[PDB]
Amino acid sequence: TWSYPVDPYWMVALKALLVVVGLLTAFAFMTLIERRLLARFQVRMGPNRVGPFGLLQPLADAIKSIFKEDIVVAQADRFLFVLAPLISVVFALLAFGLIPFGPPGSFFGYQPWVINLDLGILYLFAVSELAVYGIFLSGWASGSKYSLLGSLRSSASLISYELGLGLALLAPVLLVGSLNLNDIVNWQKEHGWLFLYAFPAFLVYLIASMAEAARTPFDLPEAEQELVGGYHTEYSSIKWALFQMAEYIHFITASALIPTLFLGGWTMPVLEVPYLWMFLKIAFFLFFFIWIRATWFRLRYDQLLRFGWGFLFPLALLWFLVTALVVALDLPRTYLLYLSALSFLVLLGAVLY
Amino acid sequence: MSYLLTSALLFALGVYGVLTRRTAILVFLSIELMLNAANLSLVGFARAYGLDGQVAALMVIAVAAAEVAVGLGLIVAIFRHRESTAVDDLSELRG
Amino acid sequence: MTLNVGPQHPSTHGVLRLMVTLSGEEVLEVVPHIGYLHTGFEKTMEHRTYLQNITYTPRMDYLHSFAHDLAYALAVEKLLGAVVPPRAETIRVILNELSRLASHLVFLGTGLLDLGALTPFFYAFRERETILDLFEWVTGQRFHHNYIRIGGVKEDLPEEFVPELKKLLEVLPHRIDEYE
Amino acid sequence: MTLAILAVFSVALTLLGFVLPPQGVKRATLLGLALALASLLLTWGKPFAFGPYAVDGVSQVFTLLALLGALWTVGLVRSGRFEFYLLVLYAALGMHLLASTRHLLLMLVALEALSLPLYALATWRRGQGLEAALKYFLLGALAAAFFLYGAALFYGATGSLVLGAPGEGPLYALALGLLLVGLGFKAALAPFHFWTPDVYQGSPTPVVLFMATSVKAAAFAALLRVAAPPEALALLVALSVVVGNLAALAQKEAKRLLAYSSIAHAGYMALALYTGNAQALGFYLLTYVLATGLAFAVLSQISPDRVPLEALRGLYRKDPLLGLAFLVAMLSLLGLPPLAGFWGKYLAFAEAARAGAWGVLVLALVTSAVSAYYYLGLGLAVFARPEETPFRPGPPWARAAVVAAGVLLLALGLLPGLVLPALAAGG
Amino acid sequence: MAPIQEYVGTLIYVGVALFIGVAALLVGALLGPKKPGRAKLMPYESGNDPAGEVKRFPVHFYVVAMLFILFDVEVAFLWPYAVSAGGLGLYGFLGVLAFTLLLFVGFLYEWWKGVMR
Amino acid sequence: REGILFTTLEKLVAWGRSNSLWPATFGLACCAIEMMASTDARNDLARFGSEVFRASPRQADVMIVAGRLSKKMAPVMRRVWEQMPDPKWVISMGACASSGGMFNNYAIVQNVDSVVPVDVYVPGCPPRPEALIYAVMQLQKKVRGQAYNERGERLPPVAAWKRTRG
Amino acid sequence: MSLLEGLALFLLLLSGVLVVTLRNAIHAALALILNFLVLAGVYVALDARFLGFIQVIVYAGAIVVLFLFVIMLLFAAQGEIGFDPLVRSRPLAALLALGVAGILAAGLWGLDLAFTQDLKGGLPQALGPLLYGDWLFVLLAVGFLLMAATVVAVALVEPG
Ligand SMILES: COc1oc([C@H]2C/C(=C/C(C)=C/c3ccc([N+](=O)[O-])cc3)CO2)c(C)c(=O)c1C
Ligand code: SF4
């Protein structure tokens, strides 16, 4: 926060409240839109019911979720059973402020974001660990080892790719040299779209975000189709709703961070509108991701672990070494454009054999 | 200065744990608390003497990571087939 | 870990109980427990006339049922010496292979969904839906059709059956090639 | 730049063990350690410092001793696990870094780097070996916490974490005490000695050889850097010697008795700490290392898991050279003329009296005279009647090594004016 | 760098998120039929013993977590070089490369041994 | 609190529970494949709100007895019903479940109202997917209090609310 | 300062009391994570910023997570089995627990210190040239130590 102002604390509290309730509405309507887009994918059509376009169905879902006999299962830990959903929701809500939705004042006067910490990516990493925390804690608390093993699967796999997230996020820092997202986005305004320099690491970031229950390991797991997952299967009225809510908020926050960090956080080269381009890129990644949601299988978390550990992370640290050589000797930055273009051509042309 | 007194108090608390705790895991947790009390004192004295105690505490965290890894591997090796990790069940070696 | 992969849960289609004797992520050995659908065909059929039992036969294998109808029919035809008209035989092989396509569709859709992806369940099922219409054309029923008889089949094919069959037979090869 | 040799050999062999048989990795470790020892020889009198890494007489002497013990104990180890060799290399480097630095935090890193493999090397899988490993690990982590809060309070007394700082009053004393706790723990000083008998008794004999040579050498090498006040030194010496010898009287097992003996000898060595001579102490520890490595190589030829006192007996009839060497070693560990144990004892006692601490010195001497009870129950026992005892009379490797060690003990006892003139800069 | 005001704004962010989550918990818990049953409170799966009596879970998760702690320490050490990189020149670059090669050798060992175990 | 005691809120929560009916499948026999077919891309019960399908019983309100209920499965399914949150409904699908069906013997429960409280009965063999849509709409208006039987009575919103569990 | 300082110290001390008194291993580790959060906040208040972020990331995110992984693999929550209770040591330890504090308090009591240095926040921007440089030797030693730690644990468990 070298150059960025500070709104009063009451504005911070107000905007946080706005972000929380907007994330409610957002995840409800995104569940609707994902249903309908899946429908378009699998021929069938969606709920032209309670809406018309479905836009009163989240209300029915929320009203059903409450009054649903929120039960505390016996043979379960009285404390963690209740405490884990709150953890999973709290440590999911936050870490959305830093994503810049415009230049300062483009919130009709004050601030597009909430907080602009000096060290942002570390804050994101730290609160991202805590989602796995709530997952496996809730698994333990339920008193059902069928969910315990699912929680252990979740935590192991997510933790492997969560380590990989660090080797992914190293690459652009060497270039910019700042850990505040606004400086990084402004760098992406100057030279342009950081992934152009670091496309390989970009990949291993993107794929890493897929491991966080987004889809295609899909061995989080969910109770369905396999050794049942954790953090569910024992929660009835709101705590399950809180798990679904926090997991989807993590989904959409990650799908928004992917363009924010590597690609063009809003900051478009032309037409420079504050919010709309960020929202459209969020929707772009969401639509590609839903394509993936419909179109691909599971990974069984054995090949997933082997792939993350042996394949993603050595490759990411190799790219880190290359970029660190380039930055420390600082000779051009264009060499990185050339190398990333060649790397993408390799990782693409090797497909059509 | 209150922070360094608190570091000493946490050192004492980890000591009370290590003495009182029956299982290896809780003893090791108390030791982690002791090491972090030391880290707090190092951060204070780095604020007083110029920031080298911060990198010192960083290396301390690394040390804790290495010894946590090794201690948990050893614990598994001894008490995987064995019953409760309680060390009072191991009294073969006496003076 | 002698884990109780119970009847119908989790997603053991075709209610079946499993005691997976298993430590870890490997599989030592699975001990099965079945009978959770025992309804009594071998016994109830001893109290139903041969004509009636054609109502009990398809419902055992509810996916590929005309094989059950055909097995029962043929065995009784041999036992009392019945004559298959050529047209009845051709129709019986039509319904046999078509119910086989439907059973196969359901099998692969269930296999893909059971672990992995959800989408290809629908497309195959789409075709299955079309097939059912064909059956509803001649038998008036989706499945569990009581159409076959000891001598042959109940009554004749409608005028509208064959063109729909040609339509589905022309669209299908590309569809199966797509699945593969 | 011998540390470069150690790092290179360790890191290369770490992967090469996947392509090389344990025997090939063993021979490679032997070559690497021998080359590091030779590099130490060619660098005698060539001080070399880069950062906190500072090579002085202590560094050279004690790292030479540690490499000697490592080479010896590798000579005995033939297990089909390359890991059981790699750790040795690792421990070596670690102990090297312990003696070659003045930075307190780098001292902590070296303590961890040398202590981690030593926990695991004692796992012949015997349940008592695991009991010893757990006792060792927990008490060592406690001592690491103590040492760390001592380094923190040291930084509280001065702007640097390097020893040689002027130092304040009570806070500096407290910091130095909290450093001395862990360092003497590594050096088997009482009242921190409880781990030593259990660990020496539970672990396989060659591992205890490696311990009783290199651990004690490196621990005193790190101790000399500390400016320990004489009163705490008197407390440690008195408690160590008294309890060590007394409780060693009542012991029935060879390894446990010898661990108590090592406690008493660490109490004796701590007398040079009155003057911090580092010449006399280098010589003393050279003799003690040689003798104890010899004895434990023989004990390994007798029994890895545990050796009773009767097992030592009749060895001369079994092996002449081994019995002679064990007798000589027992007398040198008693510090008797004309053996080098007597020169080391005399040099430490001279430094202590020169500092003017009289009651402590006399008490150490009276208790060392008391020690003849078991020192003689061991040294002379070589000639007794062999009772039932498993006995594997070794290869020629260890026999020649034992012979050289004993000959050198007696030679440095007779004529110390050969090497002792060169334990300082090394003319 | 960044002012401390953003950090109290962070604390308020957390307090607001926590307060709204506790509010959602209150809404869920207070609104309900409240008819407990013995079988309802039973864990799962048809009579007893969904998993029931099983031996301790596989250690592979311990291996993964330990791997993660050591390599996350690695990443924490790599970050100060990530920010202050050009100021360290080829000397700092070469030092960080050696560090990375050492821990990558540790990975290479654990991989050539592999953990399917 | 049972979704009652307010002229507006009981209508609101009945609206919510009725439209957001989340089925808990218990696939047993050939009725259950006609239950699956009610979700494919020709005739899908994926519109009224039943898109998602909570396999766990702790999360779903509608349990559909879909197939012949063999006696060795009676108690398990019982507990599956007891493993449901209290605001739960049960539809009896098919002839084998509603009555004994054609299998009138020692192996089948001759009316599943024995083990579970049934909301709606739906005949057919198997009842056409469209009859299943009609039954879920029947239950929709039943839990709003918009259901009357042949005898002139309005039916309670939730069956399994009138039974002294034990 | 003191307004929130008292709160942070009370949370730290109460969390320590929890982690050393409670018999539930899970509750103890959880209280230790609450402790680390309070302590990273105190670090932040001490102008040590980067270290607090690593404290939350590494300690809470990684170490105690593995603690929880093992104790959930090996239940171990009901520790009081195979007691040999040794009741007298519970109050006696408190004595020693007081003692190991008192002498420390003596070293720090009557001690005034210069807590005045413009650290400008403990950012890694300034910690880099220290780490690679004056501390590079310790860094390389730490990295090799971590490699040795991996090898030790791997050769240690290695069922075969
Ligand atoms: C699987 O095949 C089969 O099943 C059954 C039972 C089990 C069953 C499960 C699920 C998971 C349905 C389901 C499908 C799709 C969704 N969805 O949301 O898309 C939801 C739920 C339905 O009938 C029987 C009896 C069978 O004999 C065969 C061959
Ligand atoms: S009513 Fe007919 S379709 Fe349904 S389970 Fe019974 S036999 Fe099968």
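Coordinate-derived values only; no laboratory data. Neighbour counts are summed over all protein chains in view; Cβ atoms, including those assigned to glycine, are modelled from backbone coordinates with ideal geometry.
Would you mind stating whether F:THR39 is under 15 Å from the mean Cα position of the chain (by Cα) and within 16 Å of ligand 1 (Cβ to nearest atom)? Full working, then the answer.
On the way: under 15 Å from the mean Cα position of the chain (by Cα): no; within 16 Å of ligand 1 (Cβ to nearest atom): yes.
No.
If A:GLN244 passes every condition in (1) away from ligand 1 (no atom under 16 Å from the Cβ); (2) within 21 Å of A:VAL20 (Cα to Cα) but one, which one does it miss?
(1)
For segment D:352-391, how many residues meet the condition of being farther than 20 Å from D:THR292 by Cβ and not hydrophobic (A, V, I, L, M, F, W, C)?
9
Considering each residue of segment A:40-81, count those that are more than 9 Å from chain F (Cβ to nearest Cβ), part of a helix (DSSP H, G or I) and in contact with a helix residue (DSSP H, G or I) (Cβ under 7 Å, 6 or more places away or on another chain), and give that number.
4
How many residues, within segment C:123-152, are in a helix (DSSP H, G or I), farther than 16 Å from F:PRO126 by Cβ and touching a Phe, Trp or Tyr at 6+ places or on another chain (Cβ under 9 Å)?
Number of matching residues: 5.
Go over the candidates D:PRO416, D:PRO393 one by one and state the one that is in contact (Cβ under 8 Å) with a residue 60 or more places away in the chain, exposed (fewer than 15 other Cβ atoms within 10 Å of the Cβ) and either in contact with a helix residue (DSSP H, G or I) (Cβ under 7 Å, 6 or more places away or on another chain) or part of a helix (DSSP H, G or I) (or both).
On the way: D:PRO416 fails: exposed (fewer than 15 other Cβ atoms within 10 Å of the Cβ).
Just one listed residue meets the conditions, D:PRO393.
For the structure I just gave you, tell me whether A:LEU336 is within 27 Å of E:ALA98 (Cβ to Cβ), surrounded by 14 or more Cβ atoms within 10 Å (Cβ to Cβ) and within 14 Å of chain E (Cβ to nearest Cβ). Give the steps one after another, and end with the answer.
Details: within 27 Å of E:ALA98 (Cβ to Cβ): yes; surrounded by 14 or more Cβ atoms within 10 Å (Cβ to Cβ): yes; within 14 Å of chain E (Cβ to nearest Cβ): yes.
Here the answer is yes, as A:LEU336 does meet what is asked.
With the condition kept exactly as written, say whether any residue in segment F:51-67 is buried (at least 20 other Cβ atoms within 10 Å of the Cβ), farther than 30 Å from C:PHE121 by Cα and within 16 Å of the chain's Cα centre (by Cα).
no
Given the criteria within 14 Å of chain G (Cβ to nearest Cβ), surrounded by fewer than 21 Cβ atoms within 10 Å (Cβ to Cβ) and either part of a helix (DSSP H, G or I) or β-branched (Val, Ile, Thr) (or both), does D:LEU139 qualify? Even if it seems obvious, please write down each step before you answer.
Numbers: within 14 Å of chain G (Cβ to nearest Cβ): no; surrounded by fewer than 21 Cβ atoms within 10 Å (Cβ to Cβ): yes; either part of a helix (DSSP H, G or I) or β-branched (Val, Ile, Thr) (or both): yes.
Spelling it out, it is not the case that D:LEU139 is within 14 Å of chain G (Cβ to nearest Cβ), surrounded by fewer than 21 Cβ atoms within 10 Å (Cβ to Cβ) and either part of a helix (DSSP H, G or I) or β-branched (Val, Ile, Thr) (or both).
Sort through G:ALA31, G:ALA62, G:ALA94, G:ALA76 and tell me the only one that's touching a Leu at 6+ places or on another chain (Cβ under 8 Å) and of a type in the set (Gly, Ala, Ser).
Details: G:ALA62 fails: touching a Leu at 6+ places or on another chain (Cβ under 8 Å); G:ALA94 fails: touching a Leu at 6+ places or on another chain (Cβ under 8 Å); G:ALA76 fails: touching a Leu at 6+ places or on another chain (Cβ under 8 Å).
The match here is G:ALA31.
Look through segment C:9-47, keep the residues that are closer than 26 Å to F:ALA95 by Cα and among the acidic types (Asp, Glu), and return whichever of them is farthest from ligand 1 (Cβ to nearest atom).
C:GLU46
Read through the list (1) over 20 Å from the mean Cα position of the chain (by Cα); (2) at the interface with another protein chain (Cβ under 7 Å from one of its Cβ atoms), then give the number of the only condition that A:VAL89 fails.
Only one criterion is unmet by A:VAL89, namely (1).
Given the criteria more than 14 Å from chain E (Cβ to nearest Cβ) and among the small types (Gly, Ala, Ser), does G:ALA126 qualify?
no
Among the residues of segment F:51-93, how many are within 16 Å of ligand 1 (Cβ to nearest atom), under 24 Å from A:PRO47 (Cα atoms) and facing another protein chain (nearest Cβ under 9 Å)?
The total comes to 9.
Go through D:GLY94, D:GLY24, D:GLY75, D:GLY32 for me and flag whichever is assigned to a helix (DSSP H, G or I), under 16 Å from the mean Cα position of the chain (by Cα) and among the small types (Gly, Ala, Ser).
Working: D:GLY24 fails: under 16 Å from the mean Cα position of the chain (by Cα); D:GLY75 fails: under 16 Å from the mean Cα position of the chain (by Cα); D:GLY32 fails: under 16 Å from the mean Cα position of the chain (by Cα).
Just one listed residue meets the conditions, D:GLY94.
Applying the selection to segment G:120-139, what residues are part of a helix (DSSP H, G or I) and closer than 15 Å to D:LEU108 by Cβ? So that I can check it myself, show each step before the final result.
Within segment G:120-139, the subset part of a helix (DSSP H, G or I) is G:124-134, G:136-139.
If the condition is that a residue be part of a helix (DSSP H, G or I) and closer than 15 Å to D:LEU108 by Cβ, then G:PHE137, G:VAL138, G:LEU139 are the ones that fit.
Pick from segment F:22-45 the residues that are more than 7 Å from chain C (Cβ to nearest Cβ) and among the small types (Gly, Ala, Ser): which of them is nearest to ligand 2 (Cβ to nearest atom)?
Only one residue fits best here, namely F:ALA32.
If I filter segment D:67-83 for residues that are within 14 Å of chain G (Cβ to nearest Cβ), among the small types (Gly, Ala, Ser), closer than 22 Å to D:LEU15 by Cα and in contact (Cβ under 8 Å) with a residue 60 or more places away in the chain, do I get at least one hit?
No: zero hits.
Can you tell me how many residues in segment C:1-58 are outside any loop (DSSP other than H, G, I, E, B) and either touching a residue at least 40 places away in the same chain (Cβ under 8 Å) or closer than 20 Å to A:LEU152 by Cα (or both)?
So the answer is 7.
Looking for whichever is closer than 20 Å to A:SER151 by Cβ and either aromatic (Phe, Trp, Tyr) or away from chain E (no Cβ under 14 Å) (or both) here; the options are A:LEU263, A:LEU220, A:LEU257. Which one fits?
Numbers: A:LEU263 fails: closer than 20 Å to A:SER151 by Cβ; A:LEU257 fails: closer than 20 Å to A:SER151 by Cβ.
Going through A:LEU263, A:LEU220, A:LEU257 in turn, just one is closer than 20 Å to A:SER151 by Cβ and either aromatic (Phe, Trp, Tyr) or away from chain E (no Cβ under 14 Å) (or both): A:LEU220.
Among the residues that make up segment G:60-83, is at least one of them outside any loop (DSSP other than H, G, I, E, B), within 30 Å of D:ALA133 (Cα to Cα), over 24 Å from the mean Cα position of the chain (by Cα) and of a type in the set (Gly, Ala, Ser)? Show your work before the answer.
Filtering segment G:60-83 for residues outside any loop (DSSP other than H, G, I, E, B) gives G:60-73.
Still in the list and also within 30 Å of D:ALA133 (Cα to Cα): G:60-73.
Subsequent filtering for residues that are over 24 Å from the mean Cα position of the chain (by Cα) retains none.
No: segment G:60-83 contains no residue that is outside any loop (DSSP other than H, G, I, E, B), within 30 Å of D:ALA133 (Cα to Cα), over 24 Å from the mean Cα position of the chain (by Cα) and of a type in the set (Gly, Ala, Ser).
Somewhere in segment D:37-54, is a residue crowded, with 21+ Cβ neighbours inside 10 Å and more than 22 Å from the chain's Cα centre (by Cα)? Don't jump to the end; show me each part of the working.
Kept after step one, since they are crowded, with 21+ Cβ neighbours inside 10 Å, are these residues of segment D:37-54: D:52.
Going one step further and asking which of them are more than 22 Å from the chain's Cα centre (by Cα), we end up with D:52.
Taking every residue of segment D:37-54 in turn, at least one turns out to be crowded, with 21+ Cβ neighbours inside 10 Å and more than 22 Å from the chain's Cα centre (by Cα).
Let's see how each residue does on (1) outside any helix (DSSP H, G or I); (2) within 7 Å of another protein chain (Cβ to nearest Cβ):
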| site | (1), (2) |
| --- | --- |
| B:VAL55 | no, yes |
| B:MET59 | no, yes |
| B:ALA62 | no, yes |
| B:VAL70 | no, yes |
| B:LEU74 | no, yes |
| B:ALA77 | no, yes |
| B:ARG82 | yes, no |
| B:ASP88 | no, yes |
| B:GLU92 | yes, yes |
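Identify, from the list D:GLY202, D:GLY282, D:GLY244, D:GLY184, the residue that is closer than 17 Å to D:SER371 by Cα and surrounded by 24 or more Cβ atoms within 10 Å (Cβ to Cβ). Talk me through it step by step, then tell me what you get.
Details: D:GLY202 fails: closer than 17 Å to D:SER371 by Cα; D:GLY282 fails: closer than 17 Å to D:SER371 by Cα; D:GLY184 fails: closer than 17 Å to D:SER371 by Cα.
One residue alone meets the criteria, D:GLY244.
Return the pairs, sorted by first residue and then second, in which the second residue is of a type in the set (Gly, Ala, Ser) and within 11 Å of ligand 1 (Cβ to nearest atom), the first residue lies in segment F:48-64 and is closer than 18 Å to F:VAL112 by Cβ, the beta carbons are less than 7 Å apart, and the residues are 6+ apart or on different chains.
Within 7 Å, the pairs are F:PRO57/F:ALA24; F:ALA60/F:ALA24; F:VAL62/F:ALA24; F:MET63/F:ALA24.
Out of F:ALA147, F:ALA135, report the one residue that is of a type in the set (A, V, I, L, M, F, W, C) and either more than 16 Å from ligand 2 (Cβ to nearest atom) or within 12 Å of another protein chain (Cβ to nearest Cβ) (or both).
F:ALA147
Search segment C:87-110 for residues that are closer than 14 Å to C:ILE148 by Cβ and pair each with any residue that is of a type in the set (S, T, N, Q) when their beta-carbon atoms are under 7 Å apart and the residues are at least 6 apart or on different chains.
Partner pairs satisfying both residue conditions: C:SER99/C:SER65.
Would you tally the residues in segment G:116-137 being loosely packed, with under 13 Cβ neighbours inside 10 Å and either within 17 Å of E:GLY92 (Cβ to Cβ) or touching a helix residue (DSSP H, G or I) at 6+ places or on another chain (Cβ under 9 Å) (or both)?
In the first step, residues of segment G:116-137 are kept if they are loosely packed, with under 13 Cβ neighbours inside 10 Å; the result is G:116, G:118, G:120.
So of that shortlist, the ones also either within 17 Å of E:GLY92 (Cβ to Cβ) or touching a helix residue (DSSP H, G or I) at 6+ places or on another chain (Cβ under 9 Å) (or both) come out as G:116, G:120.
Of the residues in segment G:116-137, 2 are loosely packed, with under 13 Cβ neighbours inside 10 Å and either within 17 Å of E:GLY92 (Cβ to Cβ) or touching a helix residue (DSSP H, G or I) at 6+ places or on another chain (Cβ under 9 Å) (or both).
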